[PDB]
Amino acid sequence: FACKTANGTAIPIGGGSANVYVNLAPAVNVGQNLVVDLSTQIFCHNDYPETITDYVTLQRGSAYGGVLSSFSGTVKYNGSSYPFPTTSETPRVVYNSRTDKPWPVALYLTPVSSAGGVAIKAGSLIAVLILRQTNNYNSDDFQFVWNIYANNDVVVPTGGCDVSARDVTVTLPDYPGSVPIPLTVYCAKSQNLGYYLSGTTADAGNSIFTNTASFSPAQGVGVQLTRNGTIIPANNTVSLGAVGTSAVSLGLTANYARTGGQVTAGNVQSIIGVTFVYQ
């Protein structure tokens, strides 16, 4: 019995450890968020199927790593779901062929936010999975330890909803003028969703974000966002109603707004956060 990754990295007879480098494509699902499907990444086979049958389980102590360590979830093993990190050995998968066959493991994260996310840097450890292999022939009891690494920079969603982009940059026309902000949100199932803006504001109405341009800044102007032609104050819930699998545009537009005093030439920049909330 031996195993290999999609990229040819092998663990031989007797077990051992290997790194698995995965191009992650995490996604929200109903009730759980996919982190990584390893059934396309890890393969094993029985070396002598005519006389021996191999038994393969996911062993207790399999867990997330790095920045996913604070989160709990589920693991789907051979069509059934179990708590993850694993607290008990799973039922077995039978390996009875010399032909490589997937190790049927997929990792999920339990939603805890509305539309939050955890940023993963490429090269980061995201999970450690313990494959236990025994057989019906002798007393072999081997461990195949799979260290799962993110191959790419990615955001793992932690909520029931996800966004078109986690960072959006827009350029306004030269003062005066406006520009739409492309930003949509969708949810795995229907959610009563809203959002609020965050940032430093200049006015008592809490609706004009300050100009924080560092180099050659303009004076006298800030940035104000509108939705449906209506100014959106910061720290105030905008209701999107019920949001489902079809993406819904937040309908945001950026504008300049005078903050007082002389308007002098220079650069303008405002950094504005969006945070979603269940209502």
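The numbering used is simple: start at 1 and walk along the sequence shown.
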Mean C-alpha temperature factor, higher of 170-178 and 146-154: 146-154
85-93 versus 180-188 - which carries the larger mean C-alpha B factor in the record: 85-93
Residue of maximum C-alpha B factor among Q219, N236, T226, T57, per deposited coordinates: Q219
Maximum C-alpha temperature factor, selected from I42, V67, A213, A254: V67
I130, C-alpha B-factor rank within chain (lowest, middle or highest third): lowest
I52, C-alpha B-factor rank within chain (lowest, middle or highest third): highest
Assigned third (lowest, middle, highest) for the C-alpha B factor of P104: lowest
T201 CA temperature factor, ranked by third within the chain: lowest
CA B-factor placement of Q269, once the chain's modelled residues are sorted into thirds: lowest
